[PDB]
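Visitor: Take this structure, written in structure tokens, and hold onto it; I'll ask about it next.
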Amino acid sequence: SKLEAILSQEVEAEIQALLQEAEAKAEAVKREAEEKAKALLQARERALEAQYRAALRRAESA
Amino acid sequence: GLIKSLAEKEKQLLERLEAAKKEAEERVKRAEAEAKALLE
Amino acid sequence: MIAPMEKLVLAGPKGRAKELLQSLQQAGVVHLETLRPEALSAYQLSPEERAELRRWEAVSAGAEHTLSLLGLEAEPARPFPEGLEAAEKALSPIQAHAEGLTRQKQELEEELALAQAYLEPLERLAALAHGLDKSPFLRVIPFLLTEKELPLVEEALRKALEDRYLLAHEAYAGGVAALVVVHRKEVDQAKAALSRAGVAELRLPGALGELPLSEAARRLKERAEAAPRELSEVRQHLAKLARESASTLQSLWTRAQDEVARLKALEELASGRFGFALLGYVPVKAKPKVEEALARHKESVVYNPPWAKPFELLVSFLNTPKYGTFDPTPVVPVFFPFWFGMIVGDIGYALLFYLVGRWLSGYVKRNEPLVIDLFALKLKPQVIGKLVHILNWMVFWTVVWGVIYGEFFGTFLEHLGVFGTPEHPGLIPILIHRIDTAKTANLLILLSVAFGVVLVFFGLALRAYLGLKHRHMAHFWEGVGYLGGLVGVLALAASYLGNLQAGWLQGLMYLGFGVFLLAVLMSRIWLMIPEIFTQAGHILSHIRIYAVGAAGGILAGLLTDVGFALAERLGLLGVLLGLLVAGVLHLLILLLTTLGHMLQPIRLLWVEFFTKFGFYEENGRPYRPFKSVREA
């Protein structure tokens with residue numbers, strides 16, 4: 001019957017909202033990582049080069 | 001009397017919400033593996 | 001405000017539960033029960049919904065209340081929408097106007113009332129007083145006393161004050177407005193002295209009184225004068241508001257109201273699905289289709305004539321099922337011959353009942369409260385009056401029919417149809433009565449007597465169908481078995497019933513007929529068999545009621561005969577106009593009393609109605625009394 005149909009009618013749109021929330025919750029996890037990984041590695045590239053050149057320079061000073 | 005309705009339809013519905021949640025929170029746990037990974 | 005649809009409310013019997021259930025369910029109508037024990041526990045309305053309802057109540061009520069103070073109304077119709085907000089808003093300004101003005105009017109009346117009343121005493125005291133409450137050197141105490149009081153008040157004052165006070169008075173009517181004047185320091189004793197006497201310092205209570213007697217007096221002229229005029233305005237506005245806005249007030253009111261019930265209907269079904277009735281919420285799309293048909297058993301809120309009219313109403317009580325034998329519906333056609341035939345009068349009885357009938361069916365303004373009879377105007381309940389407008393016509397037809405029962409009845413007096421007695425006399429037809437004399441009279445005696453018996457026969461036929469088809473075996477056993485007695489009854493009866501015409505077509509027939517009677521009363525056992533005695537008592541009663549309905553009937557025609565025709569001395573001619581001294585008088589008295597006779601048809605009927613001859617009532621028992629069923 002139709003009564004319980006309204007109970008149906010309520011659930012289906014909620015199934016979709018769990019998903020929409022979820023979708024955003026996977027993506028964000030993904031995106032938090034994207035910037036973070038990229039941003040440290042830059043710094044560690046940077047740092048390693050300087051920690052080299054200045055030595056070689058100081059070596060040139062020898 | 002269609003009885004069945006009040007004790008059962010209302011369950012079916014619940015379990016449709018339930019299943020959605022499961023696969024869902026997993027997509028996030030999947031992204032967690034990746035979240036670690038990218039930093040690693 | 002629920003999910004879209006218009007709520008529909010029905011309640012009815014078990015049979016209509018089903019018919020109704022099917023009718024709502026198929027179209028795409030929602031939240032229907034009884035169709036499961038409580039999946040409307042999964043349609044429990046929100047608190048928000050309860051709140052909206054709550055608001056609707058404030059508005060609904062506010063309209064009614066405001067309508068009341070305003071002094072006009074509105075009445076319930078068929079539900080309609082407007083939006084809550086619009087209605088509340090609509091209700092508010094007017095309620096504010098009417099309310100303010102209503103108070104003002106009340107105040108105005110009071111101002112007038114007090115001021116006029118007080119105007120005279122304050123004036124009398126003032127005239128005497130020549131200003132002294134102005135002064136502190138002298139203090140004055142006004143007080144009113146009657147001259148009943150004067151020697152006593154004077155003694156108390158005298159005793160305290162001596163001559164160190166002035167007691168003066170000028171009359172107000174039935175007493176004198178009086179002053180006791182005292183010096184400052186004497187004040188305390190002065191009040192106490194009057195108090196002992198039982199009089200005391202008098203002026204108006206509250207703020208106005210304190211003012212000089214002279215001042216108060218001025219104000220009294222002014223307030224008294226001012227207030228009726230002022231009252232006119234406040235009253236005018238109010239009247240005006242009622243006049244203009246009444247429709248409006250009602251429309252909001254109706255709108256609101258329809259919601260208050262509608263919302264409630266939803267809440268209860270939500271909650272716990274009730275039973276044999278039927279709920280649902282019905283869409284805008286669905287809504288007419290379900291309503292047009294109704295099968296005649298429920299109660300809703302959406303969102304020739306002589307034989308048919310009261311008879312039509314018994315049709316509704318036919319349709320309900322809740323038991324296994326036929327529903328109670330015969331009554332209206334059982335009523336009708338006698339209803340018309342109660343009036344079987346003569347010149348002043350039947351044939352004058354007409355004046356009333358055209359007055360009532362029509363409109364008569366002759367009356368102090370009755371004006372247009374369609375509008376039910378009465379010193380007695382108005383509401384009650386409106387419904388039986390339908391009846392005024394059926395009664396008018398009764399009045400017409402009773403008149404006819406004057407010429408068939410009048411066969412056995414004058415006229416022609418079974419007798420030959422003059423088709424019409426010359427002086428006063430029905431000068432005296434053929435029926436007063438024994439032979440004619442006798443036939444009428446025997447005539448009622450049979451009719452009570454007839455209603456008994458119908459009842460026991462129904463009785464056996466009842467216990468048979470309802471499977472109330474004790475009752476089945478009773479309806480067939482009780483009939484076993486009867487042949488013997490007829491046996492005994494005949495030797496007195498024709499006297500000489502019969503008595504001997506039967507005899508000691510009773511001795512075997514009495515055995516036939518009791519056989520199955522005894523088969524059920526029944527540890528209370530003697531009790532059948534009372535079933536026999538009803539028969540004598542049925543007879544008596546008809547007999548009286550006749551005899552009191554006959555008496556009615558005969559008052560026109562001792563009231564207009566023949567009586568006095570041995571019975572003489574000039575009695576015609578000696579009685580006319582009385583003649584105008586007997587007519588109205590007669591009218592009042594014959595109304596008493598028609599309650600006897602129903603008294604007869606009442607014998608039958610609760611005697612379980614196809615009935616649900618039995619000193620209560622789930623179903624509405626019969627009392628309510630037959631009236632229109």
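Convention: chains lettered A, B, ... in structure tokens order; per-chain residue numbering from 1; ligands numbered from 1 as shown.
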Need to verify the contact set: region 24-34 of chain B, 8 Å, only C-alpha atoms, exclusion of same-chain residues closer than 4 positions in sequence. Can you return it as a CSV table (one decimal) with C-alpha atoms, in the first residue's frame?

Guide:
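Everything below was put into around_2.csv:
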```csv
chain,number,residue,atom,x,y,z
A,18,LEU,CA,25.1,9.5,2.7
A,19,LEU,CA,26.9,9.1,-0.6
A,22,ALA,CA,31.0,10.4,1.7
A,23,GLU,CA,32.2,11.4,-1.8
A,25,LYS,CA,35.0,12.8,2.6
A,26,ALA,CA,37.1,10.6,0.3
A,27,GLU,CA,38.1,13.4,-2.0
A,29,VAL,CA,41.5,12.9,2.3
A,30,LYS,CA,42.9,12.7,-1.1
A,33,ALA,CA,47.5,14.6,1.0
B,20,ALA,CA,25.1,3.1,1.8
B,38,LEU,CA,51.5,10.5,-0.5
```

Visitor: If you take only C-alpha atoms and a cut-off of 12 Å, which residues of chain C touch chain A, and what are their nearest atom pairs and distances in Å to one decimal, in chain and number order, as CSV?

Guide:
```
residue,atom,partner,partner_atom,distance
C:3,CA,A:6,CA,10.0
C:4,CA,A:6,CA,11.8
C:21,CA,A:1,CA,11.7
C:22,CA,A:1,CA,11.4
C:24,CA,A:2,CA,10.5
C:25,CA,A:1,CA,7.6
C:26,CA,A:1,CA,8.5
C:27,CA,A:2,CA,9.4
C:28,CA,A:2,CA,6.5
C:29,CA,A:2,CA,6.6
C:30,CA,A:3,CA,5.0
C:31,CA,A:3,CA,3.7
C:32,CA,A:3,CA,5.7
C:33,CA,A:3,CA,8.2
C:34,CA,A:3,CA,10.9
C:35,CA,A:1,CA,8.7
C:36,CA,A:3,CA,9.8
C:38,CA,A:3,CA,10.5
C:39,CA,A:4,CA,7.0
C:40,CA,A:3,CA,8.0
C:41,CA,A:4,CA,10.7
C:42,CA,A:7,CA,7.3
C:43,CA,A:7,CA,8.2
C:44,CA,A:7,CA,11.4
C:269,CA,A:3,CA,11.8
C:270,CA,A:3,CA,11.0
C:279,CA,A:3,CA,11.4
C:280,CA,A:3,CA,8.9
C:281,CA,A:3,CA,9.4
C:282,CA,A:2,CA,10.9
C:283,CA,A:2,CA,11.8
```

Visitor: May I have the residues within 10 Å of residue 99 (chain C) as a VMD selection string, using only C-alpha atoms and disregarding those fewer than 5 positions away in the same chain?

Guide: chain C and resid 65 to 70 93 to 94 104 to 105 238

Visitor: Considering only C-alpha atoms, return as a PyMOL selection string whatever protein or nucleic-acid residues lie within 12 Å of residue 384 (chain C), sequence-local ones (same chain, fewer than 6 positions apart) excluded.

Guide: chain C and resi 375-378+391+631-632

Visitor: Got a sec: who's within 9 Å of residue 90 (chain C), counting only C-alpha atoms, leaving out chain neighbours fewer than 5 positions off, as a list in words?

Guide: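 With the cut-off at 9 Å, the set is residues 85, 248, 249 and 252 of chain C.
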
Visitor: Quick one: pull the distance between CA of residue 612 (chain C) and CA of residue 466 (chain C), Å, one decimal.

Guide: 7.7 Å

Visitor: Could you please tell me, as a CSV table (one decimal) with N, CA, C and O atoms, in the first residue's frame, which residues of chain B have an atom within 10 Å of chain C when using only C-alpha atoms?

Guide:
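After the write, out.csv holds the following:
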```csv
chain,number,residue,atom,x,y,z
B,1,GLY,N,-6.0,-6.2,6.5
B,1,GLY,CA,-4.7,-5.8,7.3
B,1,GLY,C,-3.6,-6.3,6.5
B,1,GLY,O,-3.5,-7.4,6.0
B,2,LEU,N,-2.6,-5.4,6.3
B,2,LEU,CA,-1.4,-5.6,5.6
B,2,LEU,C,-0.2,-5.5,6.5
B,2,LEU,O,0.9,-5.7,5.9
B,3,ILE,N,-0.4,-5.4,7.8
B,3,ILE,CA,0.4,-5.8,9.0
B,3,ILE,C,1.9,-5.8,8.8
B,3,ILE,O,2.6,-5.0,9.5
B,4,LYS,N,2.4,-6.7,8.0
B,4,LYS,CA,3.7,-6.9,7.5
B,4,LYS,C,4.4,-5.6,7.3
B,4,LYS,O,5.6,-5.5,7.7
B,5,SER,N,3.7,-4.7,6.7
B,5,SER,CA,4.2,-3.3,6.4
B,5,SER,C,4.8,-2.7,7.6
B,5,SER,O,5.9,-2.1,7.5
B,6,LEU,N,4.1,-2.6,8.7
B,6,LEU,CA,4.5,-1.9,9.9
B,6,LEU,C,5.7,-2.4,10.6
B,6,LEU,O,6.4,-1.7,11.3
B,7,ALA,N,6.0,-3.7,10.4
B,7,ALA,CA,7.1,-4.4,11.1
B,7,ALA,C,8.2,-4.6,10.2
B,7,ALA,O,9.3,-4.9,10.7
B,8,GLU,N,8.0,-4.6,8.9
B,8,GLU,CA,9.0,-5.0,7.9
B,8,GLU,C,9.4,-4.0,6.9
B,8,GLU,O,10.6,-3.9,6.7
B,9,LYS,N,8.5,-3.2,6.3
B,9,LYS,CA,8.9,-2.2,5.3
B,9,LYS,C,9.9,-1.2,5.9
B,9,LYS,O,10.8,-0.8,5.2
B,10,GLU,N,9.6,-0.9,7.1
B,10,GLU,CA,10.3,0.0,7.9
B,10,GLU,C,11.7,-0.5,8.3
B,10,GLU,O,12.5,0.2,8.8
```

Visitor: Which polymer residues have any atom within 8 Å of an atom of residue 53 (chain C), counting only C-alpha atoms, with same-chain residues fewer than 2 positions away left out, as a short mmCIF file (atom, residue, chain, number, x, y, z; two decimals) with N, CA and C atoms, in the first residue's frame?

Guide:
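Below you can see selection-v5.cif, which holds the result:
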```
data_model
loop_
_atom_site.label_atom_id
_atom_site.label_comp_id
_atom_site.auth_asym_id
_atom_site.auth_seq_id
_atom_site.Cartn_x
_atom_site.Cartn_y
_atom_site.Cartn_z
N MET C 1 2.48 22.20 9.21
CA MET C 1 1.87 22.01 7.88
C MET C 1 2.46 20.78 7.26
N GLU C 49 4.69 19.82 13.70
CA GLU C 49 3.38 19.67 13.16
C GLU C 49 2.33 19.96 14.20
N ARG C 50 2.61 19.50 15.44
CA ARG C 50 1.78 19.71 16.61
C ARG C 50 1.70 21.16 16.94
N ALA C 51 2.83 21.87 16.76
CA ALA C 51 2.97 23.28 16.95
C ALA C 51 2.15 24.08 15.99
N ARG C 55 -0.77 26.71 16.73
CA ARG C 55 -0.94 28.04 16.23
C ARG C 55 -2.26 28.23 15.65
N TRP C 56 -2.76 27.20 14.95
CA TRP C 56 -4.04 27.24 14.32
C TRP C 56 -5.07 27.38 15.36
N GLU C 57 -4.87 26.77 16.54
CA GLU C 57 -5.80 26.92 17.61
C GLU C 57 -5.86 28.30 18.12
N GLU C 259 -8.55 23.85 9.70
CA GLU C 259 -7.27 23.36 10.08
C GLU C 259 -7.19 22.76 11.40
N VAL C 260 -7.83 23.32 12.44
CA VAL C 260 -7.66 22.79 13.76
C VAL C 260 -8.13 21.37 13.86
N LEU C 263 -5.84 19.02 11.37
CA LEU C 263 -4.57 18.77 11.95
C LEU C 263 -4.75 17.74 12.99
N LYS C 264 -5.83 17.83 13.79
CA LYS C 264 -6.03 16.88 14.85
C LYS C 264 -6.26 15.51 14.34
#
```

Visitor: Identify all residues of region 308-391 of chain C in alpha helix (DSSP H) (DSSP on the backbone) and supply them as a PDB file with C-alpha atoms, in the first residue's frame.

Guide:
```
ATOM      1  CA  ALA C 308     -40.782   9.684   1.871  1.00  0.00           C
ATOM      2  CA  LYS C 309     -39.462  12.402   4.166  1.00  0.00           C
ATOM      3  CA  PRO C 310     -38.983  10.874   7.665  1.00  0.00           C
ATOM      4  CA  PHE C 311     -38.780   7.493   5.926  1.00  0.00           C
ATOM      5  CA  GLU C 312     -35.672   8.668   4.128  1.00  0.00           C
ATOM      6  CA  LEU C 313     -33.984   9.123   7.466  1.00  0.00           C
ATOM      7  CA  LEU C 314     -34.588   5.561   8.557  1.00  0.00           C
ATOM      8  CA  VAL C 315     -32.654   4.418   5.492  1.00  0.00           C
ATOM      9  CA  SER C 316     -29.417   5.495   7.139  1.00  0.00           C
ATOM     10  CA  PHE C 317     -29.890   3.102  10.057  1.00  0.00           C
ATOM     11  CA  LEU C 318     -30.555   0.242   7.752  1.00  0.00           C
ATOM     12  CA  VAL C 331     -40.959   2.536  12.160  1.00  0.00           C
ATOM     13  CA  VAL C 332     -41.843   5.527   9.963  1.00  0.00           C
ATOM     14  CA  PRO C 333     -44.466   3.749   7.796  1.00  0.00           C
ATOM     15  CA  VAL C 334     -45.823   2.061  10.977  1.00  0.00           C
ATOM     16  CA  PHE C 335     -46.318   5.541  12.433  1.00  0.00           C
ATOM     17  CA  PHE C 336     -48.031   7.283   9.512  1.00  0.00           C
ATOM     18  CA  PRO C 337     -51.757   6.175   9.364  1.00  0.00           C
ATOM     19  CA  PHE C 338     -52.299   6.827  13.085  1.00  0.00           C
ATOM     20  CA  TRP C 339     -50.205  10.015  12.916  1.00  0.00           C
ATOM     21  CA  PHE C 340     -52.690  11.362  10.415  1.00  0.00           C
ATOM     22  CA  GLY C 341     -55.529   9.389  11.989  1.00  0.00           C
ATOM     23  CA  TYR C 354     -55.435  23.763   9.244  1.00  0.00           C
ATOM     24  CA  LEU C 355     -54.842  27.330  10.578  1.00  0.00           C
ATOM     25  CA  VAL C 356     -51.708  26.181  12.288  1.00  0.00           C
ATOM     26  CA  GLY C 357     -50.393  24.152   9.399  1.00  0.00           C
ATOM     27  CA  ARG C 358     -50.211  27.028   6.881  1.00  0.00           C
ATOM     28  CA  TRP C 359     -48.705  29.232   9.555  1.00  0.00           C
ATOM     29  CA  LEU C 360     -45.888  26.847  10.333  1.00  0.00           C
ATOM     30  CA  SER C 361     -45.071  25.626   6.843  1.00  0.00           C
ATOM     31  CA  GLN C 382     -33.221  28.461  17.965  1.00  0.00           C
ATOM     32  CA  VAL C 383     -30.875  25.709  16.716  1.00  0.00           C
ATOM     33  CA  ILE C 384     -33.343  23.060  17.475  1.00  0.00           C
ATOM     34  CA  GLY C 385     -35.879  25.071  15.432  1.00  0.00           C
ATOM     35  CA  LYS C 386     -33.979  25.133  12.136  1.00  0.00           C
ATOM     36  CA  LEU C 387     -33.807  21.398  11.436  1.00  0.00           C
ATOM     37  CA  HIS C 389     -38.337  23.208   8.904  1.00  0.00           C
ATOM     38  CA  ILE C 390     -38.511  20.009   6.773  1.00  0.00           C
ATOM     39  CA  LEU C 391     -40.955  18.714   9.312  1.00  0.00           C
TER      40      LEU C 391
END
```
